[PDB]
Structure formats: C-alpha cells, structure tokens
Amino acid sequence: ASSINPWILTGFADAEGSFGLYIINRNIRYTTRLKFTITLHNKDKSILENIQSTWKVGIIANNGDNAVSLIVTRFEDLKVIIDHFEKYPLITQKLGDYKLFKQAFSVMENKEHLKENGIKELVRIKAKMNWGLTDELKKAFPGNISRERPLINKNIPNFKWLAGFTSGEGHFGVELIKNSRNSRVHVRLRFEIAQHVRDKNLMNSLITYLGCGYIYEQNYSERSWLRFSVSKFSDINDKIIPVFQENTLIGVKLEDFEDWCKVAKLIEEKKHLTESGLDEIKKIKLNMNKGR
C-alpha cells in the first residue's frame, strides 16, 4: 500500500535480496532467465507489497507454507530494478551479483542470449554469481570456468541504508542474566547484526560508524559468520535507539524494536530493579521476537 524510502529499500535488499541468472536446456536449446527475488516469512508480506508498490513491478507468490516471495523476472520490468540500484547502489558483496545481473541484462537486451556466442558469455557470467554453475551446465560447458570477481569494499552511505539493512539482519534482544548465588535474574539489552565473513570490512565499520559495539566471529562448526554486538546500556540508549528512532525500521521487526525501547525506558528510569518493573520486562520479552 505504501511506498518505501529508496535507500531503506536498498538496505533491505542488501540484506534479503537475490539476483539470479538461470540457463536451462530444452532437450536454440538454452533459454535464460534473469530474476530478482526476496523471500520472507509470511508475517512480512506487507514489506513485499510495499516494495512492489514502490517499483510498480514484480509478482508476489507464496513460497511454501510459511514464506512468501517478491519476484521480478519480466525483461522490461528489470530496467526498473536496474534504474533503482544505479541511483541507490548496494554495498555488500551482493553488489557483485547485481553487477553480473546487469551485465547479463545487456547480453539479453541485444537479443544475444539466443545465439551460441551469447549463451557462452551468459554461462561465464553465471559461474561468478551466487552458487555458480549447476552440474548440468558444468557437463555442457566443461573446464574450470572462472568464479572470481572483484571484492566489493564500500562504506555505509547513510542511516536510511542502515535502517533497511537492520530491518533485515538486526536483532533487538531483551536478555535475562542468571547467576550462581540465587534464582533472581537481571536484564540486559542486546543489539546485534549478523553477516557472513565475506563482508568483514563493512561489519568492522559498524564499530566506528555507530560509535560502539564489538565484532565477534563464530566458527561453529565449519561455518563462519560475524556478529556486531552491543550490550552496554548507555551505548544502547544513547547511540542505538536514537538512530533507529530517527531512521524508522520496517516489517515486524519494527514492533520488536518498539518493545525493546519500552524495556529501555524502564531501565533508564531504574524501574527494572523493582519486582513490578522486572515482571513487566519479562512479559515484554515473552511476546517479542520469537515470542511474537
């Protein structure tokens, strides 16, 4: 119904989007499909409808029982996508996929995808995108087709990008701290953003960008990702809450953030060190995030 700010959109797409190139055999026996996909939980369908209304393109289809996808594949409508990301460009390593997506779009625009020479170029493009070439494409186009591509290294452009990106990757936690001495718990606010190590430079930059926090790496067990993490309450209350109050979040995570700010006000006013304050904080923790 409502349209999303374009820089929030790009932030959310850096978080949740996918740029795809699919090349399939007919058994001109290769057709090629170029596609932008956002797949979210059903609860955030309105995000997709809001992107769909901001672009005036794309279809929305259910994606199994619990998810839903916005899909742009119609060739003419991809110009809308490309226009958007030229004015408001991605900054994660996904930017490399979008560039390859754009390069493939030129091949198809010049009607070259249908010719043998075009297919071979599109195969080279697809090898560098996302998870690379399928086994069938590898059987049909043998050899070691290069997967290498330039590393993206861009800085956060503004807080509206951050807001869109955090709407996708962020976590606003109310955490109860247990101790050895007794059964009484304390409360801690946690802000986190997770991301694959491939964007280690962007993640590191959040420390200076937001003026607080840490990066932690987790390697459980042969997977690797990074955690931007903030727990110190003054940093939460003075540095994190203002940013996202000025730069509004989208989706259901907006509600979790608002419940988060409620707890933070209770902590700000020392109401959390009272049995009634803590009781209410517990109630909130139960009905947000995974409890919502």
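Residue positions are given as counts along the sequence shown, with the first one as 1.
- The stretch of deposited sequence separating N66 from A67 contains no residues lacking coordinates in this entry.
- For the pair 78 to 86 and 180 to 188, the mean Cα B-factor is higher in 180 to 188.
- In this entry, 106 to 114 has the higher mean Cα B-factor, the comparison being between 106 to 114 and 93 to 101.
- Highest CA B-factor among the listed residues (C261, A61, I236, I28): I28.
- When all modelled residues of the chain are sorted by CA temperature factor, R223 is found within the highest third.
- The PDB entry assigns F141 a C-alpha temperature factor belonging to the highest third of its chain's modelled residues.
- Among all modelled residues in its chain, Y216 ranks in the middle third by Cα B-factor.
- Per the PDB record, residue ranking by Cα B-factor puts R147 in the highest third of the chain.
- Remark: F165 belongs to the lowest third of its chain, ranked by C-alpha B-factor as recorded.
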